[PDB]
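Here's a solo chain for you in structure tokens, the form deposited in one PDB entry.
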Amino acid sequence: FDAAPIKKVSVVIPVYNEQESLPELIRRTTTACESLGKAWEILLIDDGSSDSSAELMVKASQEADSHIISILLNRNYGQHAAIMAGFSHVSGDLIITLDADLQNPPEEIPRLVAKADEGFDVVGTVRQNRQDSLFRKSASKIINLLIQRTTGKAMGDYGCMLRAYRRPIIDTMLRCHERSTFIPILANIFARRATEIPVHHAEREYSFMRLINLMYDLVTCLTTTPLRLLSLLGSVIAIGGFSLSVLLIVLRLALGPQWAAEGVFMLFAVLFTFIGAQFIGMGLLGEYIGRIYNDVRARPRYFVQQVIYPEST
């Protein structure tokens, strides 16, 4: 929970079939870290590549005066799991995640280090003038609002990989064993102070079905409200059907029969009341189902910064 100036930096980079980009990535990333004036290390994690990426990483770590640690996985498990493997081997005070495709320039690293020295626990980035499609642009805005309400911190670009975390944030994320989650969201759940800064990127150009799968992951990770709306929806339908049934009953007695299908309409009104009550029942199940999920994840409830005892005198 230290707010002291940073002394060492750790860089975490997942690798999966990056044979062509590695020589340039290592050179540019190394130069930027040397300009910090601090101790540093670089972690390369191979996620079961098949294009000689592992051979290059071993050679780099054996090079004279190297600061590169190579972690090799037995097979492909995912980018999220590869990052968590790196978190378990870091030794620095500030942790920075980066992409191996060189979409995010390594030259932006010094800016994040300087911003963190001002006391921010988490430092994010926002890509400027990326000119995405309207559907994707609109979706990003919706996600940003949802994260702001739930976590209290904003996220302009949830999909950007360039971010900085302080060590106390990383240690607690290692205490969360939930399989479905999003690391940037998890950090803001424990962060006290956060900010974002603008960055530039390489020109563009996941798939559509990957995007829709991601929407469910975000919503389930953030809120259980959708299960609450089932009961609200049902109560509206149930009340509407009940009111119409009474109106038809009272209307015909005070005004005599009016339509040939008058009996059929009353039967439908009773049916709609039952349909609404079914939504309430499903929402009733949702209240228990949602609470089971929180207990299963078992996130930490609090973290203590310091305790002050009265003087023994």
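The first residue of the shown sequence is 1; numbering continues from there. The term rigid core refers to the maximal set of C-alpha atoms that superpose within 1.5 Å between the two forms.
There is another form of this protein, the form deposited in another entry, and it is not shown here; the text below is about that form.
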Review point. Among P198, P226, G159, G119, which is the residue that shifts its C-alpha 2 Å or more between this form and the one not shown, core superposed?
Key: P226
Point to revise | Residue shift check between this form and the one not shown, rigid core fit, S88 Cα at least 2 Å | key: no
Review point. Core-aligned, does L244 move its Cα 2 Å or more between this form and the one not shown?
Key: yes
Practice item. Verify the C-alpha shift of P300 between this form and the one not shown: is it 2 Å or more after superposing the core? Key: yes
Check your understanding: Where do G152 and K115 end up in that other deposited form, Cα atoms closer or farther than shown, with a change of 3 Å or more?
Key -> farther
Practice item. Have a look at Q305 and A194: in that other deposited form, are their Cα atoms closer together or farther apart than in this form, given the change is 3 Å or more? Key: closer
